[PDB]
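Next up is one chain by itself, shown in structure tokens, the form deposited in one PDB entry.
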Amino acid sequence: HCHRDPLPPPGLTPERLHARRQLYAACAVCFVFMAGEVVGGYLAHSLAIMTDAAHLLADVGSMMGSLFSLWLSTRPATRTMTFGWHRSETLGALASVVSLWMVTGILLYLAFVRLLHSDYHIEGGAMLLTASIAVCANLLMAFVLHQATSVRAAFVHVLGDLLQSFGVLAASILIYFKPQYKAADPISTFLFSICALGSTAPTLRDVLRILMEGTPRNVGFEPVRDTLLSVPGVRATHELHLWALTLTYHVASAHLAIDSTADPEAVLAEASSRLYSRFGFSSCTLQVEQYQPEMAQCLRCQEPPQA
């Protein structure tokens, strides 16, 4: 019996309720911070504060996408969505990356327009006050996280947020005391936007690899092929497909050409057990064929060449 070795846990686990509560609290806090920073930066006509608020918007969007994916990954698979709704997490990550690129591009264009035909005034007091408030808020968030895995990830993320806020505060301090240095705002916007795009590049690469039906990063083609070929009875392998619904949901398929004096049920059971134990594939479908002498002659029955 395929898929009968494990069991599906129904209902909502108590730890998942805690995770949902933490995500709700983090989303509320980050949204309040983003709204306050947007108001302050608009009052100060500052673009660095726009960059910080855009980063907070990216954080909020990522957490909201995570919450939406968590809610979606509980409905049963339908007749139109056979695999379930696990791809929603990847789609939400892609949406967050795209939105970050949009806002960063808008901010970069605004900063570039500011730099040449430098016609803008920046309120030093308002910008300094907003930057100080943002730095204090980041420090308070870091202290709360230290007092209270996901918490450690939030702690390091808040430390990075705090470093960026310190940079913005330094720029605001420079502008406030020396009003002639208004150019520190577009320059800081440029630096932080480039940093944001560089930070978002790896997630975009991973999302694209998942979406293009590529092999999962951790799972290797050669280890899986060698595991399948090591099963007693298997002679060859073709049409070995490995892809991931998300970072944790991996699917596998293959055609196994077994010997004539082999038991297809035993081969199938052993191969499924080996794949599940070694690689933890959520789904695995193996087509047990018979190794005809013509199998080793078909062009399409040949594995991809070594990289």
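By rigid core we mean the largest C-alpha set that fits within 1.5 Å across both forms. Only residues modelled in both forms are compared. Just count from 1 along the sequence shown to find any residue number.
The protein also exists as the form deposited in another entry; that form is not presented, and the subsequent description refers to it.
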Let me spell it out: fit the two forms on their rigid core, measure each listed C-alpha, and pick the one of 122, 103, 137, 228 that moves 2 Å or more between this form and the one not shown. Which is it?
137
Core-aligned, is the CA shift for residue 201 between this form and the one not shown 2 angstroms or more?
no
Kindly check if the Cα atom of residue 163 is displaced 2 angstroms or more between this form and the one not shown relative to the superposed rigid core.
yes
As a test: superpose on the rigid core, then list the runs of at least 3 residues whose Cα atoms all move 2 angstroms or more between this form and the one not shown.
25-27, 132-146, 156-165
